[PDB]
Amino acid sequence: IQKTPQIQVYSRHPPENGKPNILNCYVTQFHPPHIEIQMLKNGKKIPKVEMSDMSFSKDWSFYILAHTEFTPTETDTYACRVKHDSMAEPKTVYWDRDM
Amino acid sequence: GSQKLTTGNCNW
Amino acid sequence: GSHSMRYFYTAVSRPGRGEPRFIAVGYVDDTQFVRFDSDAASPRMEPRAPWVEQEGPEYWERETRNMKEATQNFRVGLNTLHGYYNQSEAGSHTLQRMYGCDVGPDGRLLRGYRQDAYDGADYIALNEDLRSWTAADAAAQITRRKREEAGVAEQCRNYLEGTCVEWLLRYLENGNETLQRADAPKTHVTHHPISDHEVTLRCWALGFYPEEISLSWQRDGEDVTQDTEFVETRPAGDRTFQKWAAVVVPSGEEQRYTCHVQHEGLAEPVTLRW
């Protein structure tokens with residue numbers, strides 16, 4: 001049985017325009033453990049993206065944390081893209097300042 | 001401290 | 001008070017893309033301290049918390065040897081079980097394990113576990129008495145047979161009662177300044193107007209540890225949960241956690257609402273308002 005991955009996108013510290021931060025992409029609740037995750041700046045792949053180790057929870061489902069350094073501005077958009085077998089289309093979630 | 005393998009050629 | 005050490009194994013086949021990948025992570029409480037990925041250029045067990053770094057060369061030799069043998073072993077597991085179930089040669093399959101031990105405030109064993117899962121579903125587990133197995137199906141019972149006939153349970157008990165507890169206690173000591181300490185959440189309330197008639201009140205808890213936390217909203221001092229929007233508790237990446245809880249409220253009635261937060265790191269519950 002395949003589980004669809006849940007995505008949260010959020011910064012490490014409260015966002016402040018022009019202040020260095022860490023942007024996090026939290027992907028949970030998926031199966032199988034094969035997955036592709038990239039992070040987008042204005043819609044363009046970010047080179048350096050660290051990937052925590054693939055762990056799992058009580059229901060056996062997997063979770064992993066993607067993150068990269070970034071600096072929020074008024075205009076620059078950020079997002080997270082996920083390819084997973086359980087989805088025909090890749091899934092993209094845009095970062096919201098307030099969430 | 002991880003658990004050592006497990007002897008017995010019979011694990012699965 | 002009460003502490004736990006747990007290991008998480010994951011093997012994933014990738015037919016026609018190489019041999020099955022094997023991944024391990026060790027944890028104490030909500031703190032990851034060790035990791036291993038068979039796809040690393042040089043597959044070593046590696047430290048992920050300061051208080052293991054100090055461990056001698058012989059340690060890392062042992063750990064890495066166990067991880068390498070684990071990946072071999074689990075690959076066999078994947079192949080054997082594939083046969084039991086008589087599955088097609090098509091897609092991927094996974095074999096997971098989670099094992100470890102809990103010790104009470106007294107520092108003595110409380111309960112041990114050693115669960116295996118095939119393709120995201122229970123397959124076989126070590127009963128809490130540490131001498132029997134629960135097989136989830138026809139196949140798993142074949143496994144059960146081989147493990148009983150080889151005395152595997154006893155070996156597991158030996159590690160779980162002795163070795164596993166010893167290590168846990170050792171780790172608790174060597175990293176006490178962070179493992180034994182709780183970090184209180186840093187709470188605040190934000191104001192997000194939807195229209196001239198409704199606004200959102202989101203209540204944040206940030207930089208806390210461990211992850212066990214409780215957030216809630218009240219109106220005039222009375223609950224109202226079926227109304228509240230949560231997010232699952234998420235890591236910040238610095239070993240602390242985040243979480244928020246929002247309610248949509250009538251523009252002008254913000255004073256009616258208070259957010260309530262309980263955490264191990266708080267001397268006593270907290271109440272926030274906008």
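To find a chain, count down the sequence lines: A is the first, B the second, and so on, and within it residues start at 1.
- A donor-acceptor contact shorter than 3.5 Å links the side chain of A:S11 to the backbone of A:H13.
- Ring centroids of C:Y99 and C:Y9 are separated by less than 6.0 Å, placing the two rings close together.
- Ionic pairing of C:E177 and C:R181 is not present here: no N-O contact between side-chain nitrogen and carboxylate oxygen is shorter than 4.0 angstrom.
- Heavy atoms of other residues, nucleotides or ligands lying less than 6.0 angstrom from CD of A:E69 number 12 at most.
- No side-chain heavy atom of C:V103 sits under 4.5 Å from any side-chain heavy atom of C:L110.
- The backbone N or O of A:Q38 sits nowhere less than 3.5 Å from a side-chain atom of A:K45 that would complete a donor-acceptor pair.
- Summarising the geometry of A:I64 relative to A:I37, their closest heavy-atom pair is CG2-CD1, 3.6 Å, with the distance given to 0.1 Å.
- The existence of a salt bridge linking C:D37 and C:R21 is confirmed by a sub-4.0 Å separation between a basic side-chain nitrogen and an acidic carboxylate oxygen.
- Few gaps surround CD on C:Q180; more than 12 heavy atoms of other groups in view lie less than 6.0 Å from it.
- For the pair C:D116 and C:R147, the salt-bridge criterion is met [side-chain N within less than 4.0 Å of a carboxylate O].
- With hydrogens and angles left out, the side-chain atoms of C:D122 and A:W60 include a donor and acceptor closer than 3.5 Å.
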Exercise for review: Just do the side-chain hydrogen bond (donor to acceptor under 3.5 Å, both in side chains) check on A:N24 and A:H67 with the steps written out, would you?
Suggested key: CA-CA 4 Å; A:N24 290 327; A:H67 66 89; 4.9 Å; no
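- Crowding of A:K44 atom NZ: a count of heavy atoms from other residues, nucleotides or ligands under 6.0 Å not exceeding 12.
- Looking at C:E55 and C:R170, a side-chain N of the basic residue comes within less than 4.0 Å of a carboxylate O on the acidic one, giving a salt bridge.
- The local environment of CD in C:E173 is sparse, with at most 12 non-hydrogen atoms from other residues, nucleotides or ligands closer than 6.0 Å.
- One side chain, C:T143 or C:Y123, offers a donor N or O that lies under 3.5 Å from an acceptor on the other.
- Cation-pi check for C:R234 over A:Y10 is met; the charged atom lies under 6.0 angstrom from the ring centroid and within 45 degrees of its normal.
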Practice item. Dump the intermediate steps for salt bridge (charged side-chain N to carboxylate O under 4.0 Å, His left out) on C:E69 and B:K4, then the final yes or no. Key: CA-CA 9 Å; C:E69 265 166 4; B:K4 225 149 272 162; over 6 Å; no
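- A side-chain donor-acceptor contact under 3.5 Å links C:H192 and C:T190.
- When each of C:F241, C:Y209, C:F208 is paired with C:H263, the ring pair (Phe, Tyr, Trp, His ring centres under 6.0 Å) condition holds for C:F208 and for no other.
- Across every non-hydrogen atom of A:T71 and A:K19, the tightest pair is CG2-N, 3.7 Å.
- Other residues, nucleotides and ligands place no more than 12 heavy atoms under 6.0 Å from the CD atom of C:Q72.
- In terms of heavy-atom proximity, C:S13 sits nearest to C:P15 at C-CD, 3.8 Å.
- Taking each heavy atom of C:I213 and C:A205 in turn, the nearest pair found is CD1-CB, 3.7 Å.
- Using a 3.5 Å distance cut-off with no hydrogens or angles, the side chains of A:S86 and A:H84 do pair a donor with an acceptor.
- A:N17 and A:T73 share no side-chain donor-acceptor pair at under 3.5 Å.
- Under the 6.0 Å cut-off for aromatic ring centres, A:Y63 and A:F30 do not qualify, their centroids lying 6.0 Å or more apart.
- Tracing side-chain contacts under 4.5 Å through hydrophobic residues (I, L, V, M, F, W, Y), one reaches C:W167 starting from C:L130; they form part of the same cluster.
- More than 12 non-hydrogen atoms from other residues, nucleotides or ligands lie less than 6.0 angstrom from CD of A:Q2.
- Annotation: C:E154, atom CD; neighbour count of heavy atoms from other residues, nucleotides and ligands within 6.0 Å does not exceed 12.
- No more than 12 heavy atoms of other residues, nucleotides or ligands sit less than 6.0 Å from atom CG of B:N9.
- Salt-bridge annotation for C:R256 and C:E253: present, with a side-chain N of the basic residue lying under 4.0 Å from a carboxylate O of the acidic one.
- Judged purely by distance below 3.5 Å, without hydrogens or angles, the side chains of C:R6 and C:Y113 pair a donor atom with an acceptor atom.
- A 4.5 Å side-chain heavy-atom check between C:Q255 and C:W274 finds every atom pair outside the cut-off.
- Under the 3.5 Å distance criterion, with hydrogens and angles disregarded, no donor-acceptor pair is assigned to the side chains of C:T10 and C:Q96.
- Aromatic ring centres of C:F33 and C:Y171: separated by under 6.0 Å.
- Ring planes of C:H188 and C:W204: parallel class, angle under 30° (limits at 30 and 60°).
- C:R14 has a carboxylate O that lies under 4.0 Å from a charged side-chain N of C:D39, or vice versa, which qualifies the two as a salt bridge.
- A heavy-atom distance below 4.5 Å is found between the side chains of C:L201 and C:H191.
- Residue C:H93 comes nearest to C:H82 through the heavy atom pair CD2-CD2, 3.9 Å, listed as atom of the first residue, atom of the second, then distance.
- Between the side chains of C:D223 and C:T225, a donor-acceptor pair is found at a separation under 3.5 Å.
- No salt bridge links C:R202 with A:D98; every basic N to acidic carboxylate O contact stays at or beyond 4.0 Å.
- Under the 6.0 Å cut-off for aromatic ring centres, A:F70 and A:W95 qualify, their centroids lying closer than that.
- In this structure, A:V49 and A:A66 approach most closely via the heavy-atom pair CG1-CB, 4.3 Å.
- Hydrophobic clustering of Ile, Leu, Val, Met, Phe, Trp and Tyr side chains at less than 4.5 Å, counting indirect connections, keeps A:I7 apart from C:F230.
- No continuous path of ILVMFWY side-chain contacts below 4.5 Å connects C:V28 to C:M98, so the two sit in separate hydrophobic clusters.
- At a threshold of 4.5 Å between non-hydrogen side-chain atoms, the residues C:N79 and C:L81 do not count as touching.
- Outside the 6.0 Å centre-distance limit, the rings of C:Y84 and B:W12 are not counted as a close aromatic pair.
- Hydrophobic cluster membership differs between C:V12 and C:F74, with clusters built from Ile, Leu, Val, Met, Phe, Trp and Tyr side chains linked at under 4.5 angstrom.
- Within the 3.5 Å criterion, the main-chain N or O of C:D129 finds no donor-acceptor partner in the side chain of C:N127.
- Two residues are said to be in side-chain contact when any heavy atoms from C-beta on lie closer than 4.5 Å; A:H31 and A:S61 fail this criterion.
- Partners of A:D59 under the salt bridge (charged side-chain N to carboxylate O under 4.0 Å, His left out) rule, at least two apart in sequence or in another chain, do not exist in this structure.
- In this structure, A:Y94 has its ring center at least 6.0 angstrom away from the ring center of A:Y78.
- The same ILVMFWY cluster, assembled from side-chain heavy atoms under 4.5 Å apart, contains both A:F62 and C:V25.
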